[PDB]
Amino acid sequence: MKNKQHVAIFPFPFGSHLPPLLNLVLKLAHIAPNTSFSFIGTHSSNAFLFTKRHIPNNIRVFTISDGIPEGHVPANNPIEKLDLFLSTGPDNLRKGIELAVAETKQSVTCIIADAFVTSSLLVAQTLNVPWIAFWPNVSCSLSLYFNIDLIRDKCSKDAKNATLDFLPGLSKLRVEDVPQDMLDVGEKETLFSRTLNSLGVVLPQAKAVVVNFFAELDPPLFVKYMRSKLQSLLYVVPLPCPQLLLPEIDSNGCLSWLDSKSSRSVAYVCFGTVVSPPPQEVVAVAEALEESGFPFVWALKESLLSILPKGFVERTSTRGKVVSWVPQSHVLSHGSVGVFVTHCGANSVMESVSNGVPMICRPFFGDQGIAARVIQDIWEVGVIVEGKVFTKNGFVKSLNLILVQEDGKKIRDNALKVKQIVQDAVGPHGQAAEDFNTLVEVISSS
């Protein structure tokens, strides 16, 4: 019989959502070389992933609209382009299906989609194929979408530090950690926020939900709770397969620089590429780093150099590196790095915990607040920066706590324990090995 298995894949076609889904598809394509995988992105998302990159023969890339009509210039805010893409609806997605079917000469048998592309469920239902939702965000935030009314009520009535005890396994989460998007009502609501708020109804319709994380690190009650809500909950190890990686020149000599430093002595600072930090916090970060005296590597966008204190880079040049880019995977795996100062983006956190690096957290956006809370109060492998925003005195205190003080020993010890848990999780007997096989059979059975 001719193999006619054909998986269509819809990323959420924006930055941090792209590599984790390609990573998963690469793994699936390698184990099932007789199966077609059709990756459907926008021109900009395809450029982002596939420019420098060779892909296996059974992965083909197709392009659909980004929802930005020619001539339009989106405002400088991180939600507009998301709304515009989501507004293109299932018909834009079906144009992708058409291209994939025409090239492969095979009807689609299964869809894998980033959970945020909820229109792809309608597409799957129209084709009568299974819909597999992919979750590359903070694993724990899944629970929020099944409890929106309780969360809104508590956030409106209760104290800011009140705990969300109604979420099994997640009683450490607080009102103040909740994504603002899920609370906004009226004019503040966006197509993006409305889409996220529909996840409680959308996700149980998925044949399986695939979580890009380590099941062994999530609270067991949370995992049980999610299993009770979904048809199938599968964890696939988020670590990069070799084909995802693109060999890169360490232009700034980060690793060599780190080689000259003592074990667990260096602060690696990176606060993301999606929301601009308030300039006053950028200044605060610089002042604290300089005053702390600790060695540091700060990955900072070029456009922010002009707001750093005059002479800061020059005065710290003998103990710090302020650079536009670092090979973060390699930096976080370097033994010299003793703390990761982070906005708590999901992939950053994944890399930090898998390498045993404790964190100082300043969540800015989305579910970063959930991640920060899990890091501090559940895993206990870090702290939310003293003050909840970067200040010179507060950040200096957090740096000392984690890097040098005996009071930070528990956190340092916990980071090593969590690293060992991850190492055993990605092993041949971890849950994920079985869950990956389960996913493969869903695709082969479709």
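Rigid core (definition): largest C-alpha set, two forms, superposition within 1.5 Å. The first residue of the sequence shown is number 1, and the count goes up from there.
Novice: Fit on the core, then compare CA atoms: does 106-114 or 243-251 lie farther from this form in 4 other deposited structures of this protein?
Specialist: The answer is 243-251, which departs more from the shown form in 4 other deposited structures of this protein.
Novice: Rigid core superposition, C-alpha RMS per stretch in 4 other deposited structures of this protein: which comes out larger, 212-220 or 273-281?
Specialist: Clearly, after the core fit, the stretch farther away in 4 other deposited structures of this protein is 273-281.
Novice: On mean Cα temperature factor in this entry, is 354-362 or 161-169 the higher one?
Specialist: Stretch with the greater average CA B-factor: 161-169.
Novice: Going by the average Cα B-factor in the PDB entry, point out whether 6-14 or 428-436 comes out higher.
Specialist: Between 6-14 and 428-436, it is 428-436.
Novice: Take the CA temperature factors straight from the PDB entry and tell me which of 342, 198, 292, 87 peaks.
Specialist: Answer for 342, 198, 292, 87: 292, with the highest C-alpha B-factor.
Novice: For the listed 374, 288, 313, 274, which has the peak Cα B-factor recorded in the PDB entry?
Specialist: Top of the list by C-alpha B-factor: 274.
Novice: Give the position of residue 379 by CA B-factor within its chain, expressed as the lowest, middle or highest third.
Specialist: Tercile = middle for this residue's CA B-factor.
Novice: Considering only modelled residues of the same chain, in which third does the CA B-factor of residue 177 rank: lowest, middle or highest?
Specialist: For residue 177, whose C-alpha B-factor we compare with every modelled residue in the chain, the answer is the middle third.
Novice: If you rank the chain by CA B-factor, which third does residue 401 end up in: lowest, middle or highest?
Specialist: According to the entry, residue 401 has a C-alpha B-factor in the chain's middle third.
Novice: Taking only the Cα B-factors deposited for this chain, tell me whether residue 407 sits in the lowest, middle or highest third.
Specialist: Highest third of the chain for residue 407's C-alpha B-factor.
Novice: Compared with the other modelled residues in the chain, in which third is the CA B-factor of residue 32?
Specialist: Middle third - that is where residue 32 ends up once the chain's C-alpha B-factors are sorted.
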